[PDB]
Amino acid sequence: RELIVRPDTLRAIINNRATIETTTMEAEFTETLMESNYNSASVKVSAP
Amino acid sequence: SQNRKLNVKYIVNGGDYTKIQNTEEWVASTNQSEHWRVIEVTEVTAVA
């Protein structure tokens, strides 16, 4: 619904300052874990 | 860990603002009267 009566003219100002803005953000993260174990046992028994 | 941030901004005030991303064409259009704008103000007077 039209709330106001159509005016004969409009009050305006001119502004043509165009702007372009681009932002890029990259993030990386890497985490490597390594573990290792070894156990050894040797036994020897003798007699004649 | 790695981070990268890139930010680009273009601003135009006068000339053909549709050539904001094309520097050569904006420079070519700077001689057209219909696009001349106020680029700085060197004197300001209080309205009173």
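Residues numbered from 1 in each chain as written, not as in the entry; some residues may be left out. Chains lettered and ligands numbered in written order. Part of a larger assembly, values for the part shown. Heavy atoms only, no water.

- The record lists cryo-EM as the method behind this PDB entry and 2.47 Å as its resolution.

1. Observations concerning the overall build of chain B
Then, number 1: Summing up its helical and strand segments, chain B has one helix and one strand in all.
Then, number 2: Summarising its shape, the C-alpha atoms of chain B cover approximately 60 × 35 × 15 Å along the three principal directions.
Then, number 3: Out of the 48 residues belonging to chain B, those deemed buried represent 15%.
Then, number 4: Computed over 5 positive and 6 negative side-chain charges, the separation of the two mean positions in chain B equals 16 Å. (Helix = DSSP H or I, 4+ residues; strand = E, 2+ residues; numbered from the N terminus. Buried < 20%, exposed > 50% of the residue type's maximum accessible area, 1.4 Å probe, protein only. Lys, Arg positive; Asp, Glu negative; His and termini not counted. Charge placed at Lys NZ, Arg CZ, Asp CG, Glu CD.)

2. Some points on the pattern of salt bridges
Then, number 1: With the rule as written, the count across this model stands at three salt bridges over all chains.
Then, number 2: Salt-bridge contacts for A:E26 lead to B:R4; the nearest nitrogen and oxygen are separated by 2.8 Å. Within this pair, whereas A:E26 is found in strand β1 (residues 19–28), its partner B:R4 is found in strand β1 (residues 2–11), the two belonging to separate chains.
Then, number 3: A:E26 gets classed as partly exposed once you look at its relative accessible area, which sits at 38%.
Then, number 4: B:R4 sits in the partly exposed class, given a relative accessible area of 37%.
Then, number 5: B:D16 is the partner of B:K19 in a salt bridge, and the nearest nitrogen-oxygen pair spans 3.0 Å. (Salt bridge = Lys/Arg side-chain N within 4 Å of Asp/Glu carboxyl O.)

3. Quick notes on the interface of chain B and chain A
Then, number 1: Listed per partner, the contact involves 18 residues of chain B and 15 residues of chain A.
Then, number 2: Approximately 1500 Å² of surface area, both sides summed, lies buried where chain B meets chain A, with 44% of it carried by carbon and sulfur atoms.
Then, number 3: On inspection of chain B and its partner chain A, the count reaches one salt bridge.
Then, number 4: Across the chain B-chain A interface, the total number found is nine residue pairs in polar contact.
Then, number 5: Of the residues assigned to the side of chain B that touches chain A, the class counts are eight nonpolar, six polar and four charged.
Then, number 6: In terms of strand pairing, β1(A) meets β1(B) through ten bridges, oriented antiparallel. If you follow A:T22 over to β1(B), its bridge partner there is B:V8. (Contact = heavy atoms within 4.5 Å. Buried area = accessible area lost by both parts, 1.4 Å probe. Polar contact = N/O pair within 3.5 Å; in protein donor to acceptor, adjacent residues only side chain to side chain. Nonpolar A, V, L, I, M, F, W, Y, C, P; charged D, E, K, R; others polar. Pairing = 2+ DSSP bridges.)

4. Concerning the environment of B:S33
Residue and element names in this part refer to chain B.
Then, number 1: Within the secondary structure, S33 is located in the segment after α1 (23–29).
Then, number 2: On the accessibility criterion, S33 (45% relative accessible area) is partly exposed.
Then, number 3: Residues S33 and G14, 19 residues apart in the sequence, show an inter-C-alpha distance of 9.8 Å.

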